[PDB]
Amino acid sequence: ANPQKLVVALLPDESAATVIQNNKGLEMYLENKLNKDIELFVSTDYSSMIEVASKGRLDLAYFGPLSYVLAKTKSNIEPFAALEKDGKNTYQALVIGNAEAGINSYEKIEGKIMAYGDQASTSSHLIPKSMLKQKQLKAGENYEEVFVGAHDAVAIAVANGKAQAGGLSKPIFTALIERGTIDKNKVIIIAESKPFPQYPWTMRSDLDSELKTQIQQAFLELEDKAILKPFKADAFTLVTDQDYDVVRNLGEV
């Protein structure tokens, strides 16, 4: 209940060095506020994060929405905060196409290779897959799916031409363009999803009351631009479990 050190896991939605480096600023702030030491953990894939969480081995975990839903079925954890941008607490998936191949509509996806990220990804699997299904594209019926493991790997493949289309997170696509990792004109945005709730920061439920409240507070109070720059976020807001029922519903269907 009162750990001297805090194990903090971060979703491997991109390469580990990108993820680690994005949260370094936030790690330092949380050391100063909680007066505790933090070791970051970035798993090899989303499923191994979910496993590590299900051992009671993590103190905090920054999960994606679907991965949170899956981890919560077998882990004693509690969502408490999520990024806010422009007083909004949500985010979008994109469907993108390879521009050389002229992949600029849903109809051009038919009979081609569609890149997804991790199988437990919300915005690089579940969401883009539902968007494709609403448009009568079904995996292994009228197109071929490949799982390339991460959002940055999706962007890379689609821009390369190894895949003709892909599904990934709109903020990650945006960061990738701004950092120069991907050339913008090699990819065409086909569609954007509806709003889904942002990734939940979660904590272990059997943590001490006063520590749980201190952690939540630390997030809610954070205001400086430099620390949130790698997420293009103005703040954190609070979230609860029920906010993820929209994701469960889509996961059910």
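Quick note: we count residues from 1 along the sequence shown, nothing fancier.
K.L.:
Going by the mean C-alpha B-factor recorded in the entry, which is higher: 31 to 39 or 185 to 193?
P.N.:
Going by the record's values, the stretch with the higher mean is 31 to 39.
K.L.:
Averaging the C-alpha B factors as listed in the entry, name the stretch that ends up higher: 157 to 165 or 114 to 122.
P.N.:
If you average the C-alpha B-factors of 157 to 165 and of 114 to 122, the larger mean comes out for 157 to 165.
K.L.:
Sort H151, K170, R179, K129 by C-alpha B-factor from the entry and give me just the highest.
P.N.:
The record points to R179.
K.L.:
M203's Cα B-factor: lowest, middle or highest third of the chain?
P.N.:
Tercile = lowest for this residue's CA B-factor.
K.L.:
Ranking every modelled residue in this chain by its Cα temperature factor as given in the entry, which third contains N76?
P.N.:
Within its chain, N76 is a highest-third residue by C-alpha B-factor, going by the deposited values.
K.L.:
How does the C-alpha B factor of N23 compare with the rest of the chain: lowest, middle or highest third?
P.N.:
For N23, the deposited C-alpha B-factor lands in the middle third.
K.L.:
What third of its chain's C-alpha B-factors does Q242 belong to: lowest, middle or highest?
P.N.:
Top third by C-alpha B-factor.
K.L.:
Could you tell me which third, lowest, middle or highest, the C-alpha B-factor of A101 occupies within its chain?
P.N.:
Highest third of the chain for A101's C-alpha B-factor.
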